[PDB]
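Presented below is the structure to which this report refers.
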C-alpha cells in the first residue's frame, strides 16, 4: 500500500475502497445509461427491456421512452476506477465518461488510456508532484505504479537510456488550460533526474509575436511548438532548444470579424510608450490601418500596455542588442504601414500605378531604401528570362496580392529568426545526443463557421491521429506475435487514410484550390462546382452540407476521426494566393539593417514567384514535421478542462465530451475495442470462474463449463483475450 510515501489518498485509494467498490450488487437489466436532453449521458435506471421502450430513471427519476441504441450498459463496480480503461467489459462514450468523472470526483487525476495519459486538471493545490514521487516514479516501468505524468516522463527517459533513441511527448491543452504548467513540470522533472527558468523567460515574447484572440478564446497560440532537450551519451542535460512549426501566415493581413491580428500590433497601438508611436510613425487608432482593423481591436480581458514592457524585458534578458529591438519595431511598423499603400489603374491600360507616395515614403524610410524605387519595383517587376530580363506587367489586384505576400513573408521571417536567436542564447555547449520531444499544437478546433485555417488545423490533427494510430497499431498488435494468436490483422492508420487522401492527393481539395488560385478567371462559384464535380458522389468522406440551424452557409461536408464538419468556401481563393515579388526582395537584400538578415539572398519541383501558395508551404513543412517526428518515439498527454468554471471535482459531460473528440482518445479506445480489449491472467479468472464448475487445462475447464463460445476470444498461451461486452455476461453469472 504505502510503498512510496504519503501522496496516496488524493492520488489513489487504498484497499478498503477498492474492495468496498468491488463487491457491490451490479444488475445488468437496469444498469443501462441513457441519452440526455440537458447532458449527453447520465446513469439511468430502467424498468426492463420493453423493446425500444423503457422508463429510464435518472437521479432525478426520469421516465421517458428511449430506444436501445443510446441507453448504455454501465461498467461494473469491480471495474470501477480502473486506470487503463482499455480492459473494461464496456467500452463506449459513457464508459470512459464516467470512468473519469468518478475518478475526478475521487480526485484520481492521473489515469491511463492504452498509450494515452489522460490527465484532468485540478483547481486547488494537490501535492501529487512532490519530491518523493520523483523517486517513487523513478526507475519504474509503465504499468505497476499508479499513473502520472512523471511516470511517462521517466518511461521516456529510461527508454532513451535503453537504445539511445529519441522520444517525444505529445501534449494537447487549450490556451491557458494548465498544459503551460505541465510542460515546465516535466522539464524540471528531467532537470532533476538528469533550464526551465530560461524556457519560461523566453516564453511570453513568443505569444506576443504569434498569438491572438479568436471567436472561441483569447490567447490562442496559432503557431506550433516543439522543444528539444538533448542529453549526453549517458543521459545528461546538454541542450535547451525550441522549434516553431506551421506558424499561421494570413493573420497578418486578414482576420474574421470575431477576432484580430497578432498581439504586437495592438500592443504598440496601446500607448504605454509613445516613443514607438512617434518613432514608427504610426497613429494610435488601429482603425487607421486596414491590415489589423477588420475585427475586434480592444479585448475586454487584458490591456496591451503592460505587455509592451513585459515582452521588452523578455527580449532584454535574451541575446538581443538594442538596435536589434529597434529593427524589430521598425519592421512591425512597416508591416502595419503596407496596408495603406494605394494603387490606381492607368486610364489607357490595366497596368497598376501609385497615387500617393506618402505611406510609400513612410514604409520605405522605415527600411532605409528609396520609396520611388520601391513602388516602381512593385508595379514594374522583372523576371530573368533566358540570359536577360523582361519587365512583366501588373494589374492592381496583382500588386495588392504582392504587397500582402511581402508583409506576410517579412513577418514570418522575423518570427523564425527571433526564434533562431532565442535558441542561440539558450544552448549549453556540452556534446549532446538523443533528445526528448515536448510538442504542443492547436487541437481539433471545430467551430460554427469554419474556414481555411480551420481546415488546415484539422488536417494537421488528421496526420497526427493517423501517426499515433499506426504507432499504437504496431506496438499493441505486433506484441501478440509471442501470444500464440493474432487478431485485427489490418493496419490501424489505414482508416484515416480515406480522409487524408481526400485533402492531399492529386485532385484533392488542396490541389483543386491551387488550380483555382492559378486559373485565369477563377471565382468562388467555379471553385465550388469544380469541387463538387470532382468529388461529390465519387467518394464517401466528402458529402453535401445540410442547411439548417439558421447558420449562414456551409459548402461541403468532410468527415474526420473527430466527427463530421462542413466548411465555408467564400474567400479561400484570394486568401491563398501570395505571389512573392523578387525585385523587392532584392531591395531587401541590399538594405542597411538586419531586415536582410532574413532575406539573405534545383529548379525541379520548385514553383515560381507567381505560383506560390500558402497551402503548398503548409503541406511542405507539415511533412517535414511528420517525418522528423516519425523519427522519434511518441508519448501522449491530454490536459482536459472538465468544467466551465474552476469548481474542482464536478465535471459536465458535453464540454469534456468535446475534448474527448478534439484529442480523439475515444478513437484510440474504439480501434482498441473492436477486438480483445481484455487481456487477463488466471489470478482473478480461476478464483471468479471456479464458482460455476466447482493452469492451461484448468483454464480450458473453467471456460468451457460456463457456457461461452470459442469464437469471440482466445487464450493464446499466457493470457486470455476477451472482447469487452462478454465479461458483463459473465459478471452477473460468475457471481452465482
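Ideal geometry is used to build each Cβ from the backbone, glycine not excepted, and the neighbour counts take in all protein chains shown. Laboratory data are not the source of any read-out in this text; all were calculated from the coordinates shown.
Pick from the stretch 410-457 the residues that are assigned to a helix (DSSP H, G or I) and in contact with a strand residue (DSSP E or B) (Cβ under 9 Å, 6 or more places away or on another chain): which of them is nearest to residue 187 (Cα to Cα)?
Taking the stretch 410-457 and keeping what is assigned to a helix (DSSP H, G or I), we get 410-425, 452-457.
Keeping just the survivors that are in contact with a strand residue (DSSP E or B) (Cβ under 9 Å, 6 or more places away or on another chain) gives 415-416, 419, 422-423, 452, 454-455.
Numbers: 415: 24, 416: 23, 419: 19, 422: 18, 423: 16, 452: 34, 454: 30, 455: 32 Å.
So the residue we want is 423.
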Q: May I ask you to list the residues in the stretch 270-309 that are closer than 24 Å to residue 342 by Cβ, under 35 Å from the mean Cα position of the chain (by Cα) and not in a loop (DSSP other than H, G, I, E, B)?
A: 286, 287, 288
Q.
Restricting to the stretch 583-600, count the residues that are in contact with a helix residue (DSSP H, G or I) (Cβ under 6 Å, 6 or more places away or on another chain), in a loop (DSSP other than H, G, I, E, B) and over 30 Å from residue 511 (Cβ atoms).
A. 2
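Here's the yes/no breakdown for (1) surrounded by 12 or more Cβ atoms within 10 Å (Cβ to Cβ); (2) touching a helix residue (DSSP H, G or I) at 6+ places or on another chain (Cβ under 7 Å); (3) outside any loop (DSSP other than H, G, I, E, B):
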position	(1), (2), (3)
489	no, no, no
498	yes, no, yes
514	yes, yes, yes
521	no, no, no
538	no, no, no
551	yes, no, no
Q. Of the residues 283, 332, which is touching a helix residue (DSSP H, G or I) at 6+ places or on another chain (Cβ under 8 Å) and either over 25 Å from residue 416 (Cβ atoms) or surrounded by fewer than 17 Cβ atoms within 10 Å (Cβ to Cβ) (or both)?
A. 283
Q: Answer yes or no as to whether residue 581 is over 30 Å from residue 174 (Cα atoms), surrounded by 15 or more Cβ atoms within 10 Å (Cβ to Cβ) and more than 18 Å from the chain's Cα centre (by Cα).
A: yes
**Q.** Of residues in the stretch 623-632 being surrounded by fewer than 19 Cβ atoms within 10 Å (Cβ to Cβ) and in contact with a helix residue (DSSP H, G or I) (Cβ under 9 Å, 6 or more places away or on another chain), the one farthest from residue 460 (Cα to Cα)
**A.** 630
Q. Is there a residue in the stretch 41-56 that is surrounded by 13 or more Cβ atoms within 10 Å (Cβ to Cβ), under 30 Å from residue 112 (Cβ atoms) and touching a helix residue (DSSP H, G or I) at 6+ places or on another chain (Cβ under 6 Å)?
A. yes
Q: For the stretch 392-399, state whether one or more residues are assigned to a helix (DSSP H, G or I), under 30 Å from residue 610 (Cα atoms) and within 24 Å of the chain's Cα centre (by Cα).
A: no
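I'm trying to understand the selection: among the residues of the stretch 59-73, which are in contact with a strand residue (DSSP E or B) (Cβ under 6 Å, 6 or more places away or on another chain) and closer than 30 Å to residue 672 by Cβ? Steps first, answer last, please.
Filtering the stretch 59-73 down to residues in contact with a strand residue (DSSP E or B) (Cβ under 6 Å, 6 or more places away or on another chain) leaves 65-66, 70-73.
Answer for the stretch 59-73, where residues must be in contact with a strand residue (DSSP E or B) (Cβ under 6 Å, 6 or more places away or on another chain) and closer than 30 Å to residue 672 by Cβ: 66, 70, 71, 72, 73.
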Q: Identify, by number, the condition in (1) exposed (fewer than 13 other Cβ atoms within 10 Å of the Cβ); (2) in contact with a helix residue (DSSP H, G or I) (Cβ under 6 Å, 6 or more places away or on another chain) that residue 494 doesn't meet.
A: (2)
Q) Just one of the numbered conditions (1) assigned to a helix (DSSP H, G or I); (2) surrounded by 13 or more Cβ atoms within 10 Å (Cβ to Cβ); (3) in contact with a helix residue (DSSP H, G or I) (Cβ under 8 Å, 6 or more places away or on another chain) is not true of residue 381; which one? A) (1)
Q) Looking at the stretch 553-578, which of the residues that are surrounded by 16 or more Cβ atoms within 10 Å (Cβ to Cβ) and farther than 26 Å from residue 520 by Cβ is farthest from the chain's Cα centre (by Cα)? A) 554
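State whether one or more residues within the stretch 719-728 are surrounded by fewer than 15 Cβ atoms within 10 Å (Cβ to Cβ) and in contact with a strand residue (DSSP E or B) (Cβ under 9 Å, 6 or more places away or on another chain). First the steps, then the outcome.
Pass one, the stretch 719-728, residues surrounded by fewer than 15 Cβ atoms within 10 Å (Cβ to Cβ): none.
No, the stretch 719-728 has no match at all.
Considering each of 38, 81 in turn, give the residue that is buried (at least 17 other Cβ atoms within 10 Å of the Cβ) and not in a helix (DSSP H, G or I).
Working: 38 fails: buried (at least 17 other Cβ atoms within 10 Å of the Cβ).
Matching residue, one of 38, 81: 81.
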Q: Kindly list the number of the only condition in (1) loosely packed, with under 13 Cβ neighbours inside 10 Å; (2) touching a strand residue (DSSP E or B) at 6+ places or on another chain (Cβ under 8 Å) that fails for residue 353.
A: (1)
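How many residues are more than 35 Å from the chain's Cα centre (by Cα) and either under 26 Å from residue 124 (Cβ atoms) or assigned to a helix (DSSP H, G or I) (or both) if we restrict to the stretch 8-35? Working first, answer last.
Initial filter on the stretch 8-35 (more than 35 Å from the chain's Cα centre (by Cα)): 14-31.
Remaining after also requiring either under 26 Å from residue 124 (Cβ atoms) or assigned to a helix (DSSP H, G or I) (or both): 14-22.
Of the residues in that region, 9 qualify.
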Q: Check whether at least one residue in the stretch 114-133 is assigned to a loop (DSSP other than H, G, I, E, B), surrounded by 22 or more Cβ atoms within 10 Å (Cβ to Cβ) and in contact with a strand residue (DSSP E or B) (Cβ under 6 Å, 6 or more places away or on another chain), and report yes or no.
A: no
Q | Positions within the stretch 553-570 being part of a loop (DSSP other than H, G, I, E, B) and over 12 Å from residue 661 (Cβ atoms), in sequence order | A | 553, 554, 555, 568, 569, 570
Q. Going by the structure shown, is residue 505 exposed (fewer than 15 other Cβ atoms within 10 Å of the Cβ), touching a helix residue (DSSP H, G or I) at 6+ places or on another chain (Cβ under 9 Å) and over 30 Å from residue 638 (Cβ atoms)?
A. yes
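In this structure, is residue 642 touching a helix residue (DSSP H, G or I) at 6+ places or on another chain (Cβ under 8 Å), under 30 Å from residue 183 (Cβ atoms) and part of a loop (DSSP other than H, G, I, E, B)? Spell out how you get there, then give the answer.
Details: touching a helix residue (DSSP H, G or I) at 6+ places or on another chain (Cβ under 8 Å): yes; under 30 Å from residue 183 (Cβ atoms): yes; part of a loop (DSSP other than H, G, I, E, B): yes.
So residue 642 passes the test.
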Q: Check whether at least one residue in the stretch 212-230 is outside any loop (DSSP other than H, G, I, E, B), over 23 Å from the mean Cα position of the chain (by Cα) and more than 30 Å from residue 290 (Cα to Cα), and report yes or no.
A: yes
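So that you can scan it fast, the table gives a plain yes or no per residue for (1) on the phi > 0 side of the Ramachandran plot; (2) in a loop (DSSP other than H, G, I, E, B); (3) under 30 Å from the mean Cα position of the chain (by Cα); (4) crowded, with 19+ Cβ neighbours inside 10 Å:
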site	(1), (2), (3), (4)
6	no, yes, no, no
61	yes, yes, no, no
89	no, yes, no, yes
103	no, no, yes, yes
Q.
If I filter the stretch 194-215 for residues that are more than 25 Å from residue 427 (Cβ to Cβ) and either out of contact with any strand residue (DSSP E or B) (no Cβ under 8 Å at 6 or more places or on another chain) or surrounded by fewer than 18 Cβ atoms within 10 Å (Cβ to Cβ) (or both), do I get at least one hit?
A. yes
